[PDB]
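Engineer: Encoded as structure tokens, here's the structure I'll be asking about.
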Amino acid sequence: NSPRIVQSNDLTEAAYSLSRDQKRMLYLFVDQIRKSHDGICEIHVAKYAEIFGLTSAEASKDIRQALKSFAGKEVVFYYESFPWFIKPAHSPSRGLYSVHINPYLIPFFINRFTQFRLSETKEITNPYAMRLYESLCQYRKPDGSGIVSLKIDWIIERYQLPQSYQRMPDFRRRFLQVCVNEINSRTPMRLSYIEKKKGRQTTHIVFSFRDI
DNA sequence: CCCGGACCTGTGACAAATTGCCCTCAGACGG
DNA sequence: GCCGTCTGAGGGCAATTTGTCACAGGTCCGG
Ligand SMILES: [Mg+2]
Ligand SMILES: [Mg+2]
Ligand SMILES: [Mg+2]
Ligand SMILES: [Mg+2]
């Protein structure tokens with residue numbers, strides 16, 4: 001009975017770089033906006049702690065540092081670039097934060113759409129594994145299975161992977177294998193994949209999955 | 001031919017970053 | 001009105017994970 005996140009495919013497939021803590025906050029903003037026109041959201045420390053099973057102290061640390069790391073962050077929809085925030089965050093009351101999302105982002109948030117319950121993702125740690133799990137949901141069938149081929153260059157561009165993952169053996173070891181292992185251990189999805197080649201170069205990854 | 005060279009793979013090392021933990025002390029509130 | 005408790009805003013930590021690069025070791029091309 002946990003919150004059902006839905007988002008436009010354009011966000012699933014946008015180019016940006018966010019941490020886990022920021023992505024966690026981002027799911028609730030999308031939830032708040034959708035339940036309504038101006039872009040102003042709010043986060044309560046004690047509620048965040050209860051959702052993600054943290055203490056109040058570590059929640060406060062997570063929100064505060066996440067919040068100041070949004071500055072200068074930009075989002076690209078393929079292209080068009082936007083800042084996420086147009087005013088610094090601020091706290092009117094103790095245990096409470098108020099934030100100002102770029103109102104021009106509203107239409108990008110909200111029948112080409114992606115949807116998942118928040119409990120599916122709340123134990124994932126690596127933000128790239130959150131990105132991969134969202135793109136797979138975009139292709140999921142009602143029953144819970146799907147199959148899709150993602151191109152390696154597009155993965156690198158959209159998820160803004162760091163430069164050393166342009167060497168394929170590092171791509172495998174520190175991104176692909178790790179995020180496939182997390183999904184299989186931390187979500188209800190059971191995931192497999194295979195590599196597509198052209199000559200000596202590996203060009204796509206083909207993902208298949210079913211539901212537990 | 002065999003060479004040096006341009007590709008590809010995986011692993012061992014080390015540097016940089018993130019994780020859940022731990023401790024202090026004042027704010028807000030109610031009994 | 002004061003004070004005890006529930007909060008959360010600060011300061012830190014060591015153990016793991018993520019990001020980078022050298023080197024070993026495969027193939028095929030062409031002079
Ligand atoms: Mg933290
Ligand atoms: Mg080649
Ligand atoms: Mg040997
Ligand atoms: Mg050699």
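By order of appearance in the structure tokens: chains A, B, ..., then residues from 1 within every chain, and ligands from 1 in the order shown.
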Using only C-alpha atoms (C1' of nucleotides), which residues sit within 12 Å of stretch 196-198 of chain A once same-chain residues fewer than 6 positions away are excluded, as a list in words?
Structural biologist: residues 149, 150, 151, 152, 204, 205, 206 and 207 of chain A
Engineer: Chain A residues within 12 Å of chain C, counting only C-alpha atoms (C1' of nucleotides): which ones, as an MDAnalysis selection string?
Structural biologist: chainID A and resid 44:46 49 55:64 93:96 125:128 161:167 170:171 173:175 178 199:200
Engineer: Name the residues of stretch 5-154 of chain A that come out as helix (DSSP H, G or I) in a backbone DSSP run; write them as a PDB file with N, CA and C atoms, in the first residue's frame.
Structural biologist:
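What follows is the written file states_15.pdb:
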```pdb
ATOM      1  N   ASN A   9       8.343   9.438 -19.196  1.00  0.00           N
ATOM      2  CA  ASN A   9       9.527   8.775 -19.739  1.00  0.00           C
ATOM      3  C   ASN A   9      10.667   9.750 -20.012  1.00  0.00           C
ATOM      4  N   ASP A  10      10.345  11.021 -20.263  1.00  0.00           N
ATOM      5  CA  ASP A  10      11.389  12.005 -20.537  1.00  0.00           C
ATOM      6  C   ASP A  10      12.328  12.193 -19.363  1.00  0.00           C
ATOM      7  N   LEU A  11      11.801  12.021 -18.154  1.00  0.00           N
ATOM      8  CA  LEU A  11      12.630  12.107 -16.972  1.00  0.00           C
ATOM      9  C   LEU A  11      13.440  10.835 -16.785  1.00  0.00           C
ATOM     10  N   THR A  12      12.825   9.685 -17.043  1.00  0.00           N
ATOM     11  CA  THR A  12      13.554   8.434 -16.941  1.00  0.00           C
ATOM     12  C   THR A  12      14.786   8.457 -17.828  1.00  0.00           C
ATOM     13  N   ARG A  20      22.236   9.267  -4.605  1.00  0.00           N
ATOM     14  CA  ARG A  20      21.131   8.507  -4.021  1.00  0.00           C
ATOM     15  C   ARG A  20      20.236   9.371  -3.144  1.00  0.00           C
ATOM     16  N   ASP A  21      20.835  10.101  -2.207  1.00  0.00           N
ATOM     17  CA  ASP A  21      20.039  10.916  -1.304  1.00  0.00           C
ATOM     18  C   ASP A  21      19.217  11.927  -2.082  1.00  0.00           C
ATOM     19  N   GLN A  22      19.800  12.517  -3.112  1.00  0.00           N
ATOM     20  CA  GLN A  22      19.045  13.459  -3.924  1.00  0.00           C
ATOM     21  C   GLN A  22      17.919  12.748  -4.678  1.00  0.00           C
ATOM     22  N   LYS A  23      18.199  11.561  -5.233  1.00  0.00           N
ATOM     23  CA  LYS A  23      17.165  10.817  -5.950  1.00  0.00           C
ATOM     24  C   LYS A  23      16.034  10.423  -5.012  1.00  0.00           C
ATOM     25  N   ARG A  24      16.364  10.082  -3.762  1.00  0.00           N
ATOM     26  CA  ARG A  24      15.335   9.782  -2.768  1.00  0.00           C
ATOM     27  C   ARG A  24      14.420  10.981  -2.542  1.00  0.00           C
ATOM     28  N   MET A  25      15.006  12.144  -2.287  1.00  0.00           N
ATOM     29  CA  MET A  25      14.205  13.361  -2.179  1.00  0.00           C
ATOM     30  C   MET A  25      13.392  13.604  -3.454  1.00  0.00           C
ATOM     31  N   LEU A  26      13.999  13.390  -4.621  1.00  0.00           N
ATOM     32  CA  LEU A  26      13.304  13.664  -5.877  1.00  0.00           C
ATOM     33  C   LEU A  26      12.031  12.831  -6.033  1.00  0.00           C
ATOM     34  N   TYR A  27      12.004  11.597  -5.506  1.00  0.00           N
ATOM     35  CA  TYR A  27      10.782  10.801  -5.649  1.00  0.00           C
ATOM     36  C   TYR A  27       9.615  11.450  -4.910  1.00  0.00           C
ATOM     37  N   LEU A  28       9.878  12.050  -3.748  1.00  0.00           N
ATOM     38  CA  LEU A  28       8.789  12.654  -2.978  1.00  0.00           C
ATOM     39  C   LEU A  28       8.295  13.953  -3.602  1.00  0.00           C
ATOM     40  N   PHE A  29       9.203  14.768  -4.146  1.00  0.00           N
ATOM     41  CA  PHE A  29       8.776  15.978  -4.843  1.00  0.00           C
ATOM     42  C   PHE A  29       7.828  15.621  -5.981  1.00  0.00           C
ATOM     43  N   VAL A  30       8.229  14.653  -6.821  1.00  0.00           N
ATOM     44  CA  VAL A  30       7.379  14.205  -7.924  1.00  0.00           C
ATOM     45  C   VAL A  30       6.042  13.733  -7.383  1.00  0.00           C
ATOM     46  N   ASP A  31       6.061  13.083  -6.220  1.00  0.00           N
ATOM     47  CA  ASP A  31       4.811  12.675  -5.595  1.00  0.00           C
ATOM     48  C   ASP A  31       3.985  13.890  -5.165  1.00  0.00           C
ATOM     49  N   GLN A  32       4.620  14.882  -4.537  1.00  0.00           N
ATOM     50  CA  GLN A  32       3.886  16.056  -4.074  1.00  0.00           C
ATOM     51  C   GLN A  32       3.295  16.837  -5.236  1.00  0.00           C
ATOM     52  N   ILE A  33       4.128  17.216  -6.207  1.00  0.00           N
ATOM     53  CA  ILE A  33       3.655  17.954  -7.386  1.00  0.00           C
ATOM     54  C   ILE A  33       2.452  17.265  -8.028  1.00  0.00           C
ATOM     55  N   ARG A  34       2.565  15.956  -8.274  1.00  0.00           N
ATOM     56  CA  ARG A  34       1.536  15.232  -9.021  1.00  0.00           C
ATOM     57  C   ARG A  34       0.190  15.252  -8.294  1.00  0.00           C
ATOM     58  N   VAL A  45      11.879  16.221   8.329  1.00  0.00           N
ATOM     59  CA  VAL A  45      12.959  15.335   8.776  1.00  0.00           C
ATOM     60  C   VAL A  45      12.409  14.021   9.336  1.00  0.00           C
ATOM     61  N   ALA A  46      11.483  14.096  10.291  1.00  0.00           N
ATOM     62  CA  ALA A  46      11.063  12.866  10.967  1.00  0.00           C
ATOM     63  C   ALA A  46      10.347  11.906  10.019  1.00  0.00           C
ATOM     64  N   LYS A  47       9.633  12.423   9.010  1.00  0.00           N
ATOM     65  CA  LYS A  47       8.982  11.540   8.035  1.00  0.00           C
ATOM     66  C   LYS A  47       9.999  10.844   7.118  1.00  0.00           C
ATOM     67  N   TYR A  48      10.990  11.603   6.608  1.00  0.00           N
ATOM     68  CA  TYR A  48      12.061  11.015   5.799  1.00  0.00           C
ATOM     69  C   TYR A  48      12.733   9.889   6.572  1.00  0.00           C
ATOM     70  N   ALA A  49      13.038  10.122   7.851  1.00  0.00           N
ATOM     71  CA  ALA A  49      13.686   9.094   8.659  1.00  0.00           C
ATOM     72  C   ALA A  49      12.830   7.838   8.722  1.00  0.00           C
ATOM     73  N   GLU A  50      11.512   7.997   8.905  1.00  0.00           N
ATOM     74  CA  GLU A  50      10.658   6.820   9.004  1.00  0.00           C
ATOM     75  C   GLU A  50      10.551   6.081   7.673  1.00  0.00           C
ATOM     76  N   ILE A  51      10.489   6.811   6.546  1.00  0.00           N
ATOM     77  CA  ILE A  51      10.340   6.154   5.238  1.00  0.00           C
ATOM     78  C   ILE A  51      11.536   5.267   4.917  1.00  0.00           C
ATOM     79  N   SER A  56      16.763  10.243  13.071  1.00  0.00           N
ATOM     80  CA  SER A  56      16.536  11.661  12.790  1.00  0.00           C
ATOM     81  C   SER A  56      17.843  12.385  12.480  1.00  0.00           C
ATOM     82  N   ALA A  57      18.897  12.078  13.242  1.00  0.00           N
ATOM     83  CA  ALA A  57      20.199  12.696  13.015  1.00  0.00           C
ATOM     84  C   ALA A  57      20.716  12.433  11.603  1.00  0.00           C
ATOM     85  N   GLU A  58      20.784  11.164  11.190  1.00  0.00           N
ATOM     86  CA  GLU A  58      21.342  10.897   9.871  1.00  0.00           C
ATOM     87  C   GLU A  58      20.435  11.391   8.752  1.00  0.00           C
ATOM     88  N   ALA A  59      19.114  11.349   8.951  1.00  0.00           N
ATOM     89  CA  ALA A  59      18.196  12.021   8.031  1.00  0.00           C
ATOM     90  C   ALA A  59      18.544  13.507   7.868  1.00  0.00           C
ATOM     91  N   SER A  60      18.614  14.248   8.976  1.00  0.00           N
ATOM     92  CA  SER A  60      18.993  15.660   8.907  1.00  0.00           C
ATOM     93  C   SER A  60      20.292  15.838   8.106  1.00  0.00           C
ATOM     94  N   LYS A  61      21.305  15.014   8.384  1.00  0.00           N
ATOM     95  CA  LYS A  61      22.530  15.110   7.588  1.00  0.00           C
ATOM     96  C   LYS A  61      22.259  14.838   6.111  1.00  0.00           C
ATOM     97  N   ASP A  62      21.432  13.826   5.811  1.00  0.00           N
ATOM     98  CA  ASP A  62      21.217  13.480   4.412  1.00  0.00           C
ATOM     99  C   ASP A  62      20.497  14.609   3.688  1.00  0.00           C
ATOM    100  N   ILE A  63      19.386  15.104   4.242  1.00  0.00           N
ATOM    101  CA  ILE A  63      18.681  16.237   3.621  1.00  0.00           C
ATOM    102  C   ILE A  63      19.595  17.442   3.446  1.00  0.00           C
ATOM    103  N   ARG A  64      20.255  17.871   4.529  1.00  0.00           N
ATOM    104  CA  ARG A  64      21.031  19.113   4.458  1.00  0.00           C
ATOM    105  C   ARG A  64      22.085  19.057   3.362  1.00  0.00           C
ATOM    106  N   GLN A  65      22.840  17.969   3.298  1.00  0.00           N
ATOM    107  CA  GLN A  65      23.930  17.952   2.325  1.00  0.00           C
ATOM    108  C   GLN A  65      23.398  17.737   0.905  1.00  0.00           C
ATOM    109  N   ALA A  66      22.409  16.844   0.743  1.00  0.00           N
ATOM    110  CA  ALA A  66      21.696  16.715  -0.531  1.00  0.00           C
ATOM    111  C   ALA A  66      21.240  18.075  -1.031  1.00  0.00           C
ATOM    112  N   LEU A  67      20.649  18.868  -0.134  1.00  0.00           N
ATOM    113  CA  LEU A  67      20.023  20.110  -0.545  1.00  0.00           C
ATOM    114  C   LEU A  67      21.039  21.095  -1.090  1.00  0.00           C
ATOM    115  N   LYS A  68      22.178  21.241  -0.413  1.00  0.00           N
ATOM    116  CA  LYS A  68      23.164  22.173  -0.927  1.00  0.00           C
ATOM    117  C   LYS A  68      23.912  21.662  -2.137  1.00  0.00           C
ATOM    118  N   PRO A 103       9.604  25.857 -11.988  1.00  0.00           N
ATOM    119  CA  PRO A 103       8.253  25.576 -12.510  1.00  0.00           C
ATOM    120  C   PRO A 103       8.208  25.153 -13.976  1.00  0.00           C
ATOM    121  N   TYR A 104       9.206  25.499 -14.780  1.00  0.00           N
ATOM    122  CA  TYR A 104       9.248  25.001 -16.148  1.00  0.00           C
ATOM    123  C   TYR A 104       9.500  23.495 -16.256  1.00  0.00           C
ATOM    124  N   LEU A 105       9.883  22.827 -15.166  1.00  0.00           N
ATOM    125  CA  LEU A 105      10.067  21.375 -15.158  1.00  0.00           C
ATOM    126  C   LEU A 105       8.761  20.625 -14.970  1.00  0.00           C
ATOM    127  N   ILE A 106       7.723  21.297 -14.455  1.00  0.00           N
ATOM    128  CA  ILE A 106       6.445  20.630 -14.161  1.00  0.00           C
ATOM    129  C   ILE A 106       5.950  19.767 -15.326  1.00  0.00           C
ATOM    130  N   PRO A 107       5.838  20.283 -16.562  1.00  0.00           N
ATOM    131  CA  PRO A 107       5.291  19.447 -17.634  1.00  0.00           C
ATOM    132  C   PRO A 107       6.140  18.233 -17.955  1.00  0.00           C
ATOM    133  N   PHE A 108       7.456  18.280 -17.700  1.00  0.00           N
ATOM    134  CA  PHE A 108       8.321  17.118 -17.905  1.00  0.00           C
ATOM    135  C   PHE A 108       8.089  16.050 -16.856  1.00  0.00           C
ATOM    136  N   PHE A 109       7.577  16.423 -15.694  1.00  0.00           N
ATOM    137  CA  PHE A 109       7.307  15.430 -14.669  1.00  0.00           C
ATOM    138  C   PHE A 109       6.037  14.675 -14.991  1.00  0.00           C
ATOM    139  N   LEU A 118       7.332   2.941  -4.251  1.00  0.00           N
ATOM    140  CA  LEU A 118       8.567   3.479  -3.674  1.00  0.00           C
ATOM    141  C   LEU A 118       9.346   2.430  -2.883  1.00  0.00           C
ATOM    142  N   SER A 119       8.644   1.457  -2.299  1.00  0.00           N
ATOM    143  CA  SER A 119       9.278   0.343  -1.594  1.00  0.00           C
ATOM    144  C   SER A 119      10.165  -0.528  -2.493  1.00  0.00           C
ATOM    145  N   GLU A 120       9.947  -0.503  -3.817  1.00  0.00           N
ATOM    146  CA  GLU A 120      10.775  -1.273  -4.744  1.00  0.00           C
ATOM    147  C   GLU A 120      12.220  -0.775  -4.797  1.00  0.00           C
ATOM    148  N   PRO A 127      23.389   5.042  -7.126  1.00  0.00           N
ATOM    149  CA  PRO A 127      22.403   5.823  -7.891  1.00  0.00           C
ATOM    150  C   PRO A 127      22.264   5.351  -9.299  1.00  0.00           C
ATOM    151  N   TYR A 128      23.356   4.849  -9.894  1.00  0.00           N
ATOM    152  CA  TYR A 128      23.277   4.275 -11.237  1.00  0.00           C
ATOM    153  C   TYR A 128      22.368   3.053 -11.262  1.00  0.00           C
ATOM    154  N   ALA A 129      22.312   2.304 -10.162  1.00  0.00           N
ATOM    155  CA  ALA A 129      21.387   1.181 -10.118  1.00  0.00           C
ATOM    156  C   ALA A 129      19.945   1.667  -9.997  1.00  0.00           C
ATOM    157  N   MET A 130      19.697   2.786  -9.312  1.00  0.00           N
ATOM    158  CA  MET A 130      18.376   3.401  -9.413  1.00  0.00           C
ATOM    159  C   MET A 130      18.048   3.806 -10.852  1.00  0.00           C
ATOM    160  N   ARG A 131      19.024   4.349 -11.591  1.00  0.00           N
ATOM    161  CA  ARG A 131      18.738   4.774 -12.963  1.00  0.00           C
ATOM    162  C   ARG A 131      18.340   3.589 -13.828  1.00  0.00           C
ATOM    163  N   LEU A 132      19.124   2.501 -13.765  1.00  0.00           N
ATOM    164  CA  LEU A 132      18.847   1.298 -14.547  1.00  0.00           C
ATOM    165  C   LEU A 132      17.507   0.687 -14.189  1.00  0.00           C
ATOM    166  N   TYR A 133      17.172   0.642 -12.900  1.00  0.00           N
ATOM    167  CA  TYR A 133      15.901   0.031 -12.533  1.00  0.00           C
ATOM    168  C   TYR A 133      14.712   0.847 -13.028  1.00  0.00           C
ATOM    169  N   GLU A 134      14.866   2.160 -13.118  1.00  0.00           N
ATOM    170  CA  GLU A 134      13.785   2.988 -13.634  1.00  0.00           C
ATOM    171  C   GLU A 134      13.595   2.763 -15.125  1.00  0.00           C
ATOM    172  N   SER A 135      14.689   2.635 -15.878  1.00  0.00           N
ATOM    173  CA  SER A 135      14.525   2.460 -17.315  1.00  0.00           C
ATOM    174  C   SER A 135      13.910   1.100 -17.624  1.00  0.00           C
ATOM    175  N   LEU A 136      14.192   0.086 -16.800  1.00  0.00           N
ATOM    176  CA  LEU A 136      13.578  -1.213 -17.046  1.00  0.00           C
ATOM    177  C   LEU A 136      12.077  -1.160 -16.778  1.00  0.00           C
ATOM    178  N   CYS A 137      11.657  -0.448 -15.714  1.00  0.00           N
ATOM    179  CA  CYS A 137      10.227  -0.301 -15.414  1.00  0.00           C
ATOM    180  C   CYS A 137       9.468   0.323 -16.577  1.00  0.00           C
ATOM    181  N   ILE A 152      25.090   1.088 -25.482  1.00  0.00           N
ATOM    182  CA  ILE A 152      26.074   1.443 -24.467  1.00  0.00           C
ATOM    183  C   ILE A 152      26.367   2.937 -24.484  1.00  0.00           C
ATOM    184  N   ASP A 153      26.542   3.547 -25.658  1.00  0.00           N
ATOM    185  CA  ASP A 153      26.777   4.996 -25.671  1.00  0.00           C
ATOM    186  C   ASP A 153      25.631   5.767 -25.033  1.00  0.00           C
ATOM    187  N   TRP A 154      24.396   5.342 -25.275  1.00  0.00           N
ATOM    188  CA  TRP A 154      23.273   6.063 -24.679  1.00  0.00           C
ATOM    189  C   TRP A 154      23.230   5.905 -23.159  1.00  0.00           C
TER     190      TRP A 154
END
```
Engineer: Mind running chain B against ligand 2 at 10 Å and telling me each contacting residue's nearest atom pair with the distance in Å (one decimal), counting only C-alpha atoms (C1' of nucleotides) and all ligand atoms, chain and number ascending, as JSON lines?
Structural biologist:
```
{"residue": "B:6", "atom": "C1'", "partner": "ligand 2", "partner_atom_place_in_ligand_line": "1 (Mg)", "distance": 8.5}
{"residue": "B:7", "atom": "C1'", "partner": "ligand 2", "partner_atom_place_in_ligand_line": "1 (Mg)", "distance": 5.5}
{"residue": "B:8", "atom": "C1'", "partner": "ligand 2", "partner_atom_place_in_ligand_line": "1 (Mg)", "distance": 7.8}
```
Engineer: Any chance you could export the current selection's C-alpha atoms (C1' of nucleotides) as a compact mmCIF listing (two decimals), in the first residue's frame?
Structural biologist:
```
# COMPACT_ATOMS: atom_id res chain seq x y z
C1' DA B 6 46.38 -1.13 -33.11
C1' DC B 7 42.71 -3.34 -31.03
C1' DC B 8 40.36 -6.17 -27.36
```
Engineer: Give the answer as one residue: which of A:172, A:37, A:190, A:4 has the shortest atom-to-atom distance to chain B, using only C-alpha atoms (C1' of nucleotides)?
Structural biologist: A:172
